[PDB]
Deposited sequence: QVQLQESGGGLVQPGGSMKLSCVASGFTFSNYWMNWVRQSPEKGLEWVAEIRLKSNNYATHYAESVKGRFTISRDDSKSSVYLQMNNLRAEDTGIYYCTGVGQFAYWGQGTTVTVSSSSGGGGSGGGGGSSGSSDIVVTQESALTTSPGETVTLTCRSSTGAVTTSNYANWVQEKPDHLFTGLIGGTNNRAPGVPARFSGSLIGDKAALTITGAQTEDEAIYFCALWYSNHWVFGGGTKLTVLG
């Protein structure tokens, strides 16, 4: 059990500031880039920010939605990543997760912040135990390639995220072998070969475009029978 654990969220007014923290354990924190990703009341995931390694002088990149207002930082000696949020807006409301490793294997449980390119996935698919089901992930820019480093992430109740696949087809360790990533017909795809009842979940894909991630809107997989 690698563990990530976020803290610092709460109930804040527009205009305010707040700093989130996240403490990592179980992996060599300092060898990996770290990210913040947030889930809004709309259920969707939005990549917020990344921070690289000491050897990259800690280079950072931000979503356009938060550039100029948020600052990500890390303290390798404390295995911790941070997000300073300034000039908060109603649209900043959501659950904030710290996540990383090949490229989204690990997620914290998240910390709730309440302020008061299109990647397309199937809205829903229905399967049953023992079937083979394939979920797809399309880019508005054109064909998905290995240069998009497609990741697949599973959301179980309640806001429990685990990375399944990174780098198009690389299974995260401990991930069941029934899960596989591919490119099929210029889309990324995730296949469950022999669906199990416990695979009923929301599945998100994420595609990399040079220096940022864009998450798809997710696919609700129902496993019936």
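Not built in the structure, per the record, is the single deposited stretch 117-135.
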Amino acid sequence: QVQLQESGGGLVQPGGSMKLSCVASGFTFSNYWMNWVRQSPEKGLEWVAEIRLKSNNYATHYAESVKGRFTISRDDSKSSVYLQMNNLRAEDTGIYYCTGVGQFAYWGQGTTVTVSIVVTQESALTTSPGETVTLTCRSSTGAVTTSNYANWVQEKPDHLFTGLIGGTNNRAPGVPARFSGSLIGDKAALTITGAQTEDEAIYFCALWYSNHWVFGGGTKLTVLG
From here on, numbers count along this sequence of modelled residues.
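Heads up, when I say rigid core I mean the largest set of C-alphas that superpose within 1.5 Å between the two forms.
Looking at 55-63 and 36-44, the one farther from the shown form in 7 other deposited structures of this protein by average CA distance, after a rigid core fit, turns out to be 36-44. Higher mean CA B-factor, judged across 150-158 and 121-129 from the recorded values: 150-158.
Between 87-95 and 130-138, it is 87-95 that carries the larger average Cα temperature factor according to the deposited entry. Across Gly163, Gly194, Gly68, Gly181, the entry's maximum B-factor at the CA atom is seen for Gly68. Highest CA B-factor among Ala201, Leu11, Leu20, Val214, as stated in the entry: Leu11. Per the PDB record, residue ranking by Cα B-factor puts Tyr32 in the middle third of the chain. Sort the modelled residues of the chain by CA B factor and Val115 lands in the highest third. Per the PDB record, residue ranking by Cα B-factor puts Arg38 in the lowest third of the chain. Ranked against the other modelled residues of its chain, the C-alpha B-factor of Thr222 as given in the entry falls in the middle third. Among the modelled residues of its chain, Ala188 has a C-alpha B-factor that falls in the lowest third according to the deposited record.
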